[PDB]
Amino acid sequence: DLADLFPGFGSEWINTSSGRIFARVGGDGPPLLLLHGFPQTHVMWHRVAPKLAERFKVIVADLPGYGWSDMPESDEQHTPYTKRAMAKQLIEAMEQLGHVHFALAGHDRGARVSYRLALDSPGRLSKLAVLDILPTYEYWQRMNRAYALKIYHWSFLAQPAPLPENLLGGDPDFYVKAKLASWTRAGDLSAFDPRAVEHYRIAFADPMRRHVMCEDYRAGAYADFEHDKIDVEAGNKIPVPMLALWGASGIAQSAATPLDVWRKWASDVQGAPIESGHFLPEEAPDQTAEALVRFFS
């Protein structure tokens, strides 16, 4: 009952040491991996990936634990869902396809994998784009009253299991739809393809999937922050040429001026706002696709 929103794209089931990664694969040219975030799946790129497919081999992957990717059993430290472990697992999956050097564009949680990848193994990346994020360290370092009210879910979803899992299970549909709507500029679901929202709703209806996402946020509050902290305090900068895009109405711009934060984190950053809320590829598919094609070409 779930629509195929990537006409002409293949489907790959990439085995890795930490489980299978699902990905839609299309186009030809240089390899470009697209990583979605929360609470979405690979299908968030359905509006932009066709345009990228004109110039690149596009691989649109579900994150470890998300969508149709396998769910590694987490542990005390939320290890498989730290961005470092996620980045290592997606490298391994790109090596299965023979992509040892690729371009990466990530949104939300996938953008956090992406820059962590760029910090842990910058030689895997030719170029990198991150959409509407600042580093995890920066969100926490700027977590005052105003921001803690805005991204309350960073602290709520990071609470010990099973507190958020138990509250989310009463009406999953409400929460996933509330988070999709409230982060768009319009405040509703009008920007999303109804068929895309079905993918997101169904992925959220699974209790194991919701636990994974909380594990993702638990890693975000702890190991991900700690991994970021060591780098920023060591002056570890991303040497990969990168683009930072953010929505004028999105999450990253509320914390600080995004381009100036990223210049502290990478030696070669260009940045551009996009008139859109958090979900740049769906709210602003034309503007996002053009900014990505230009940067990666």
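The first residue of the shown sequence is 1; numbering continues from there.
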Exercise for review: For the higher mean C-alpha B factor in the entry, choose 213-221 or 116-124.
Suggested key: 116-124
Revision key, fill the gap. Of 231-239 and 31-39, the stretch with the higher mean C-alpha B-factor in the deposited entry is 231-239
Practice item. Quick one: which of 63, 259, 44, 59 shows the highest Cα temperature factor in the PDB entry? Key: 259
Point to revise | Within-chain third of residue 80 by Cα B-factor, per the entry | key: lowest
Point to revise | Third of chain Cα B-factors occupied by residue 166 | key: middle
Review point. Can you tell me which third, lowest, middle or highest, the CA B-factor of residue 18 falls into for its chain?
Key: highest
Study note, to complete from the structure: By the entry's values, the third containing the CA B factor of residue 131 is the lowest
Exercise for review: Taking the values exactly as deposited, rank residue 179 by C-alpha B-factor within its chain and report the matching third: lowest, middle or highest.
Suggested key: middle
